[PDB]
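A quick write-up on the structure given underneath.
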Amino acid sequence: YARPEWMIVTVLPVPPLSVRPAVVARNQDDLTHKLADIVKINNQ
Amino acid sequence: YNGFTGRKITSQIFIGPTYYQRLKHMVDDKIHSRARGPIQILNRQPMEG
DNA sequence: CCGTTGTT
DNA sequence: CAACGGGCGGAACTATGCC
RNA sequence: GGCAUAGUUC
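Chains A and B, in that order, are what the protein sequence lines are.
Those letters in the first sequence? Residues 242 to 265, 270 to 289, by the authors' numbering.
According to the authors' numbering, the second sequence is numbered sequentially starting from 1029.
Here it is in structure tokens:
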């Protein structure tokens, strides 16, 4: 159930749209902003 | 004297003009009830307020 | 304030 | 002996500024 | 719509 090497994150789960809902003018959550920054750095 | 029966009250009462105040806290601004109303978005629990 | 971990 | 980290009440009601 | 701050009741 917990292999030691799995604790090194190489695949990052993305929570669904229910965990980070949009805001009604559409606003993005703190999680969404951090996800966008992370994927920006990752593709760079 | 008693109001309903008209008979004297045995104990004499202490009565006089005192200066009273009506505070801001009324009941029409505090009564509240709920039965299956609006519901929060993130948790899908009832709203607050 | 006081449970962990390091340094000595 | 020294440094570090987590822990610290319960409910409720208005208002105002800002993203 | 949300975040924050202030005041008040018990």
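For every residue, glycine included, the Cβ atom is placed at its ideal position computed from N, Cα and C.
Using only the alpha-carbon positions, how far apart do residue i and residue j sit?
{"i": "residue 269(A)", "j": "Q1049(B)", "result": "Coordinates for residue 269(A) are lacking, as chain A steps from 265 to 270 with nothing built in between."}
{"i": "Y242(A)", "j": "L253(A)", "result": "18 Å"}
{"i": "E1076(B)", "j": "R1062(B)", "result": "11 Å"}
{"i": "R1072(B)", "j": "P1045(B)", "result": "56 Å"}
{"i": "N287(A)", "j": "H1060(B)", "result": "52 Å"}
Going by beta-carbon coordinates alone, are residue i and residue j separated by less than 7 Å?
{"i": "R261(A)", "j": "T251(A)", "result": "no"}
{"i": "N1030(B)", "j": "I1037(B)", "result": "yes"}
Mapping DSSP to helix, strand and coil, what is residue i?
{"i": "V284(A)", "result": "helix"}
{"i": "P262(A)", "result": "coil"}
{"i": "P245(A)", "result": "helix"}
Which residue from the options puts its Cα closest to that of residue i?
{"i": "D275(A)", "options": "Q289(A), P256(A), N287(A)", "result": "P256(A)"}
{"i": "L1070(B)", "options": "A281(A), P254(A), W247(A), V265(A)", "result": "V265(A)"}
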